[PDB]
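To keep things clear, I will list the structure first and then write my remarks on it.
Note that each Cβ is placed from the backbone with ideal geometry, even for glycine, and that neighbours are counted across all protein chains shown. Please treat every number below as a calculation from the coordinates, not as lab data.
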RNA sequence: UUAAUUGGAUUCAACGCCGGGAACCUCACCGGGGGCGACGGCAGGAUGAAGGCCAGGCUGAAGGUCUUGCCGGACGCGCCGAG
Ligand SMILES: [Mg+2]
Ligand SMILES: [Zn+2]
């Protein structure tokens, strides 16, 4: 219980596995996305992760495609996302494969509440507007 | 190319796929039996399209 | 088409007249291809009908291109005195080099006379 | 706007122009001299220039 | 950023203590001398001022003691907003 | 509360109302990127303006710019008024 096993297959046991034999080990949504092909932008992004995986492209990977499905290629490195105004780092670990990329870059600031004002109740609605 | 930055995209569904044939707005458009007009223009052109109000 | 600091040979005047005033009547009938580096490819093919190469251009770097391409093609041509009637012979008001136009119509006897004169003169 | 149309290798007595014609369009229009491919400039061509 | 009635020109900050009557407002500013604000006629219609409303006024170079004049009010979305910037210290309102 | 949480309507006669069941568009809102001056005159222009591309950087992605050099054949927001 220190190694990670997804469906009985270790990381480097599945790291060399294919992409059509892979999808039988993912839930519906990701199996279907892997079956209607990848979008053009995600092609352009995989063709920048693989270079950054061999020896080249030692430069921060950025993106707008929050839809990309994490895969056994991306385990280990640290890529960015775009949560609306800025690029936020997501250090990819195992136990993320299957989830969505944008799933880890939240998008609305947590809310903390002040105090009710003029109109929050029927006792301060017409007693203010004269 | 300066013709690649003022040119739109060819949608084929969603509110932005159809516009009124006479006014030019997206939104509440009539698609019954084919004619494609606003809900506002169909009301002030209908009695010339043949329609009548019986009840 | 050098600058007059290049003693190739002389310049007669009937040639100047019947090939420079022979452009207006030749522009209102056909097709003009002005400029120097515009026709170089068409004469490289051999498309030039009435090429009239100038003597106004400097420095001596892109001035001689048809004379060194002369001994490889046939080039029915003349020599040009100046530039004002050469831009104004067809088109615009800028310094012109070689209004080498294809099918100059209604102006063919001046060809039959002067093109062959400058043929049997030199090349 | 300067002046740039030259170096189409040329001397007196004979000529052998530097860059070839265009196989795509008619003859007369030249090619590139980038150093790795004859890009043909406008029509698209990457023969890894000879 | 934000458009707030900062001191522009020679403006003053009016935080009132009591309405003696007929429009006179005794104000308690960080300056010290008892100033007595009065009101123009453009706002006497659409707005509603009372005590505790830190607002902006304008003083007059005559005697610099009992002066001030409303030109614009403050809404509850600004009165305490103006604390974090420290543009005004609220302890000029509890002593 | 927020970078933005776009606006109009406040008794009857405002609140499943604007045919408003908004993933893109709709979109008017916050972050970023790029294009647009019919027409009269100005610096300039066939010794070649406006204007366009194989490949590579910057970039979220892009001949959008720059590297690289090819092409196209007359006009010109680099300047003023107008539209
Ligand atoms: Mg939207
Ligand atoms: Zn309509």
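Below are the figures for this structure:
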read-out	value
Test set (1) without any contact (Cβ under 8 Å) to a residue 40 or more places away in the chain; (2) under 16 Å from residue E:12 (Cβ atoms); (3) away from chain A (no Cβ under 14 Å) - residue E:73 fails condition number	(3)
Residue list for the range A:109-130, filter: within 14 Å of chain E (Cβ to nearest Cβ) and within 39 Å of the chain's Cα centre (by Cα)	A:114, A:115, A:116, A:117, A:120
So residue E:67, is it assigned to a loop (DSSP other than H, G, I, E, B) and within 14 Å of chain A (Cβ to nearest Cβ)	no
Among residues of the range C:43-61, those that are over 11 Å from residue C:2 (Cβ atoms) and in contact (Cβ under 8 Å) with a residue 24 or more places away in the chain, counted	9
Selected residue (criterion: nearest to RNA strand F (Cβ to nearest atom)) from residues of the range A:39-66 that are touching a helix residue (DSSP H, G or I) at 6+ places or on another chain (Cβ under 7 Å) and within 17 Å of residue A:97 (Cα to Cα)	A:65
Within the range D:24-39, tally of residues that are within 12 Å of chain C (Cβ to nearest Cβ) and more than 8 Å from the chain's Cα centre (by Cα)	4
Considering residues of the range C:24-65 that are outside any loop (DSSP other than H, G, I, E, B) and within 10 Å of another protein chain (Cβ to nearest Cβ) only, the residue nearest to residue D:15 (Cα to Cα)	C:44
Selection from the range D:7-23 of residues that are facing chain C (nearest Cβ under 8 Å) and either on the phi > 0 side of the Ramachandran plot or in contact with a strand residue (DSSP E or B) (Cβ under 6 Å, 6 or more places away or on another chain) (or both)	D:13
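Conditions tested, residue by residue: (1) more than 12 Å from RNA strand F (Cβ to nearest atom); (2) within 14 Å of chain D (Cβ to nearest Cβ); (3) surrounded by 10 or more Cβ atoms within 10 Å (Cβ to Cβ).
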| residue | (1), (2), (3) |
| --- | --- |
| B:4 | no, no, no |
| B:11 | no, no, yes |
| B:18 | no, no, yes |
| B:29 | no, no, yes |
| B:32 | no, no, no |
| B:37 | no, no, yes |
| B:44 | yes, no, no |
| B:50 | yes, no, no |
| B:53 | yes, no, no |
